[PDB]
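Encoded as structure tokens, the structure appears first; notes follow it.
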Amino acid sequence: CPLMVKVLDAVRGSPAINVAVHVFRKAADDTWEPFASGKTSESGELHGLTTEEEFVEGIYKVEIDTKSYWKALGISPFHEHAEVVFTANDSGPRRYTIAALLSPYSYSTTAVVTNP
Amino acid sequence: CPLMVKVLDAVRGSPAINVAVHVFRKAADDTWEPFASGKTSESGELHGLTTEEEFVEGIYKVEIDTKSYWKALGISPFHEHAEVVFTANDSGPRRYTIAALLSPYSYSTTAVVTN
Amino acid sequence: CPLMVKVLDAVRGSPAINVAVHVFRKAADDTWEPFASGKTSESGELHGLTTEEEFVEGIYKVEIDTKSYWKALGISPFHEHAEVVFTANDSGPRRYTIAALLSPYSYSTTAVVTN
Amino acid sequence: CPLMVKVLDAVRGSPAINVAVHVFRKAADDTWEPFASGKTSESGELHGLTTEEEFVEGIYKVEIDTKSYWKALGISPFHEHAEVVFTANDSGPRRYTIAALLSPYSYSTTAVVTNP
Ligand SMILES: Cc1ccc(C(=O)c2ccc(O)c([N+](=O)[O-])c2)cc1
Ligand SMILES: Cc1ccc(C(=O)c2ccc(O)c([N+](=O)[O-])c2)cc1
């Protein structure tokens, strides 16, 4: 599994469960093509977005639907979503974990990149 | 000044100077229309982006060109840019500060919204 | 003003107002000696803690009383306080801003050190 | 394992390996008594600090030796250490993960608390 997303909730001190995530890849025409999507599990993790064969070099956007997450909890947050945009696999295949820590008016995101 | 952007560097413990910032406003057809832009000052701040008259309710995107910032320092970074997408709402307080704290493989962002 | 402390609230998107802040300086016997204290202003800032004459090189601790802040808002928080421990060094730039961004179960802190 | 520590490096986009961690517990005389210590593994994680029986209610301080970590890499950082101070187990036993994301002039820390 070459792309994993993990989301934490800084208000509750818990995994952020049921967070929708949409991944896009920049196409040759420079538009954002839908690539994969899913939701975080009870551990805050989202596995199985893609395969090593399909996850080719390119520019990818991971959109974490933070507003939908906070609104489903009956909280009015600031951001629409958190967007994480990066070039992947340009030095050969890597494994990427995109992590995010959410509050209603703030978030932080980090990447852990490993070479299998 | 209804919108200010502040950028900080977590590697050097300093303002992030001469960072390009582009602001867009979501149009009726869901595209992003250029709205305002500039470069951060020696204090890491970008003032003067817009006016109260122009900054109507709607969805805005602030794009911070972090990749060029790190490369100018001779550092290889992870992200293409940092993006902050939010709704401006007239019910809340009137002044928006979008702050970003940058590292090569991470960033955080907060909003400080005051009267 | 060689040392300033700024505190922000990530739940409400605001300065963290009336937060108690205590600064200590490490003594020769490794204990923490009271050095300066105050409460953050309506802007989330605490100015005036010390003077250039008094702020000599050494190890300092800034303790931010986050638990009382959250409880006054009716929120149950994780940490007893936030602590920032650092060395003041005359070789580096002269002005230190210690910034903290607070959530109930998390906080971040950065240093912005400038001339 | 009721207390785990995870540390990430925001400059390299990797686990922070070989980070020393010292845990203290406030004693009846209000001093900080040494409680447990260890170092992060190649995954950035530190397991096995304590046991459910020994990890009683109290106020605990987790000291993450960030300066020692950056200096071992030949980097001059700002902070001496990151200190995480919290009351544990006051509503019965819980499992705590203390996470930290490190940069030379900044860090963020979060807690994930679960009820077994
Ligand atoms: C159990 C666990 C806890 C924390 C993390 C983590 O990666 C993490 C910790 C603090 C953070 O501010 C961010 N972030 O996204 O910026 C990520 C990962 C796993
Ligand atoms: C108006 C203003 C807003 C933010 C900051 C700032 O320094 C800041 C911004 C984002 C952060 O995650 C942190 N932090 O403590 O980790 C600090 C400084 C000034």
Side-chain angles (χ1 to χ4, degrees), chain C residues 3 5-8 10-11 22-26 29-32 57-71 76-114, chain D residues 3 6-8 10-11 22-26 29-32 34 57-71 75-91 94-115:
Chain C
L3 178 64
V5 179
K6 183 161 197 177
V7 191
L8 298 169
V11 169
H22 294 256
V23 187
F24 305 84
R25 186 174 181 272
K26 201 164 182 183
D29 69 0
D30 283 341
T31 63
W32 289 112
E57 291 186 299
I59 297 176
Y60 294 84
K61 172 170 65 165
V62 177
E63 186 168 76
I64 304 172
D65 298 335
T66 59
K67 187 178 190 183
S68 299
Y69 176 74
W70 292 116
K71 283 210 253 141
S76 187
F78 178 71
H79 299 96
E80 286 297 299
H81 52 251
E83 303 213 83
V84 181
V85 183
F86 67 97
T87 299
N89 165 40
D90 278 354
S91 187
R94 340 286 165 76
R95 311 182 232 264
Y96 297 74
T97 296
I98 302 301
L101 176 62
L102 309 182
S103 300
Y105 280 69
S106 178
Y107 65 87
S108 63
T109 189
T110 196
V112 185
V113 188
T114 60
Chain D
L3 178 62
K6 183 153 187 176
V7 189
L8 292 313
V11 169
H22 296 252
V23 186
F24 304 85
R25 183 182 177 281
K26 184 174 281 183
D29 56 21
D30 262 40
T31 64
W32 287 113
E57 192 284 329
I59 300 174
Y60 291 83
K61 177 168 61 168
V62 175
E63 173 205 281
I64 302 174
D65 291 340
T66 58
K67 172 167 269 193
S68 294
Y69 169 78
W70 293 111
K71 285 186 69 183
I75 296 305
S76 311
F78 186 74
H79 304 91
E80 293 300 305
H81 50 248
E83 289 189 356
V84 179
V85 183
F86 61 103
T87 300
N89 307 306
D90 205 28
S91 300
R94 300 291 186 275
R95 295 182 190 180
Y96 300 83
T97 298
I98 306 302
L101 176 62
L102 306 185
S103 298
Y105 281 72
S106 179
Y107 62 87
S108 57
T109 187
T110 194
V112 176
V113 184
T114 61
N115 188 346

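Letters A, B, ... mirror the listed sequences (proteins, then strands); counts begin at 1. Basis for what follows: all heavy atoms, side chains included, without hydrogens, waters or symmetry-related copies.
- In this structure, chain C has no heavy atom under 4.5 Å from any part of D/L101.
- Here the NE2 atom belonging to C/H81 is positioned 6.5 Å from the CD atom belonging to D/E83, to the nearest 0.5 angstrom.
- Ring geometry, D/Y96 versus C/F78: the interplanar angle falls from 30° to 60°, so the pair is classed tilted.
- Of the atoms belonging to D/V112, not a single heavy atom falls under 4.5 Å from chain C.
- Few gaps surround CZ on D/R94; more than 12 heavy atoms of other groups in view lie less than 6.0 Å from it.
- C/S108 contributes no side-chain N or O that, together with a main-chain N or O of D/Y107, makes up a donor-acceptor pair within less than 3.5 Å.
- Here the shortest heavy-atom pairing between C/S106 and D/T110 reads CB-OG1, 3.3 Å.
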